[PDB]
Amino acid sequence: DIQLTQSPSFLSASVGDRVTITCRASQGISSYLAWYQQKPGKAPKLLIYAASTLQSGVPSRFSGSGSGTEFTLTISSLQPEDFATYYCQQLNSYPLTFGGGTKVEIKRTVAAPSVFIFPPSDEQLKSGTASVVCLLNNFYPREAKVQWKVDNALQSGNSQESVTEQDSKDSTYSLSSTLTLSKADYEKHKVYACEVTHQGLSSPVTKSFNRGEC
């Protein structure tokens, strides 16, 4: 079994930077290597085959080189749409094997999040469960902190978060935090708020609503 080791596992570069990814084979496979680009939710897309032959329909800023055991994929000028996980594949011996992949993040200027808070709809309250959603929209970097306060009582253990992959056009992230309560527990308290902190915020942002009050 031919094993392919891809270094690094992750990297974060700026738009316009020159990026270089390495794929090292456990044995020498001459020029029997291909490169793939996989964007979130999509199948992998062929970029290079035979180590250095660019696939028809791939931007010229992509290029491969190498022979024997060590191979490199180079993006001469990184673009926002180039956010993906790149895989190498050996095409010499069976079974066919891939490298572990290199996830390429885009680095950009700090961007504060826009914050929104959504009450549970009257349709859901009819079901006996209340969901309160807090949205953090189009921010960079990825790290953000969301605290739930119910009548100024900090909540914990009843909220889940979810973050989108990096946006292919502005390179930002978005986060949603869902506070799950019972219809009975939801009706016992009044003020609902999510407090957001982030590198781009000089002080916490609190979006709140009053249960029942328009």
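A residue's number is simply how far along the shown sequence it sits, counting from 1.
Going by the average Cα B-factor in the PDB entry, point out whether 42-50 or 64-72 comes out higher.
-> Per the PDB record, 64-72.
Where do the C-alpha atoms have the higher mean temperature factor in this entry, in 165-173 or in 184-192?
-> Here the higher of the two C-alpha B-factor means belongs to 184-192.
Third assignment of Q124 from its chain's C-alpha B-factors | According to the entry, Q124 has a C-alpha B-factor in the chain's highest third.
Grab the CA temperature factor for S12 from the record and place it in the lowest, middle or highest third of its chain.
-> According to the entry, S12 has a C-alpha B-factor in the chain's middle third.
Should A144 be placed in the lowest, middle or highest third of its chain by the C-alpha B factor in the entry?
-> For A144, whose C-alpha B-factor we compare with every modelled residue in the chain, the answer is the lowest third.
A34 - which third its CA temperature factor falls in, relative to the rest of the chain = For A34, the deposited C-alpha B-factor lands in the lowest third.
Relative to the other modelled residues of the same chain, rank the CA B-factor of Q55 and answer lowest, middle or highest third.
-> Middle third - that is where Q55 ends up once the chain's C-alpha B-factors are sorted.
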